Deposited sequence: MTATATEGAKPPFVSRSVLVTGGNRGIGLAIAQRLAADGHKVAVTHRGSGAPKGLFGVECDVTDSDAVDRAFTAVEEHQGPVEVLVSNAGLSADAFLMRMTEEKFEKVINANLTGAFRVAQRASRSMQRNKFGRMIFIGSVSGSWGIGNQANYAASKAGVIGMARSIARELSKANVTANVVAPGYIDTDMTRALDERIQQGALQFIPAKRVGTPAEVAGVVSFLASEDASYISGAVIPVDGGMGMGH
């Protein structure tokens, strides 16, 4: 039987634009209480926004605090993701590598860490990490991006191993080419932000309870491999 809906306290990081925005809007339409973080550009009409730079652990702490006061402790964390600085390995700098790692990977650790306490205590948690945006498949021109997104999957699986006994799961959505190279895609087209948002809606629902440590590709078949 289909489990009854529960309106969850949702935080979507980088939920003001692109895929993050479509996630945020879908989760709100689903009936959840949705908050987003942003860099300054503001949150969309309707939804609760807080400014947060995910490279700053204290700014992550006060974004969560603000969210808990507004709508209750975060039950569903959607970690978008992120940045985007490419380059040939030979031309790629230490600075470019570390900034993408700090935003995309360590940033994911920061928001996950800040959520884990309350999720554990309350015996409910859904951590959903959004790859940007083509992976496991070695692309670029982007040693930094590939490293951060593969690292998020390893991180998620470690969290999943640790916290699944407490009904706190961690899963990854791996988008391919999304419209916010067609030769490599069996669907022969790019996906939409809504097509990503629907997989996140599923992972944020009562139907996803026995999924944990999973990586769900949303790429029209592009990254089939090993």
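Trainee: Return the ranges of the deposited sequence not covered by C-alpha coordinates, sorted by sequence position.
Mentor: Several stretches lack coordinates - namely 1-8, 189-201, in sequence order.
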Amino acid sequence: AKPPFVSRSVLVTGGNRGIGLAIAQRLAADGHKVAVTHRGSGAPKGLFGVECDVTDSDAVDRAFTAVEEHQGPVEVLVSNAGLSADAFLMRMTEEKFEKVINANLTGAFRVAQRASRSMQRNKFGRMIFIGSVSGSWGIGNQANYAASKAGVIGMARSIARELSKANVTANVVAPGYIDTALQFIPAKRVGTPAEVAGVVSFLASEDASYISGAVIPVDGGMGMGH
From here on, numbers count along this sequence of modelled residues.
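Trainee: Tell me which stretch has the larger mean Cα B-factor in this entry, 29-37 or 163-171.
Mentor: According to the entry, 29-37 carries the higher average C-alpha B-factor.
Trainee: Select between 194-202 and 38-46 the stretch whose C-alpha atoms have the higher average B-factor in the entry.
Mentor: Looking at the recorded C-alpha B-factors, 38-46 comes out higher on average.
Trainee: Among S118, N144, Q113, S134, which residue carries the highest C-alpha B-factor recorded in the PDB entry?
Mentor: Most elevated C-alpha B-factor of the set, per the entry: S134.
Trainee: Kindly indicate the residue among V100, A156, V74, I130 with the greatest C-alpha B-factor in the PDB record.
Mentor: Within the set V100, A156, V74, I130, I130 shows the top C-alpha B-factor.
Trainee: For the chain shown, is the CA B-factor of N122 in the lowest, middle or highest third of its modelled residues?
Mentor: Middle third - that is where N122 ends up once the chain's C-alpha B-factors are sorted.
Trainee: For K149, does the deposited CA B-factor place it in the lowest, middle or highest third of the chain?
Mentor: According to the entry, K149 has a C-alpha B-factor in the chain's lowest third.
Trainee: According to the PDB entry, is the CA B factor of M90 in the bottom, middle or top third of its chain, that is, lowest, middle or highest?
Mentor: Highest third, going by the recorded CA B-factors of the chain.
Trainee: Is the Cα B-factor recorded for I139 in the lowest, middle or highest third of its chain?
Mentor: According to the entry, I139 has a C-alpha B-factor in the chain's highest third.
Trainee: Taking the chain's C-alpha temperature factors as the reference, tell me which third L105 falls into: lowest, middle or highest.
Mentor: Its C-alpha B-factor, which the entry lists for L105, ranks in the lowest third among residues of this chain.
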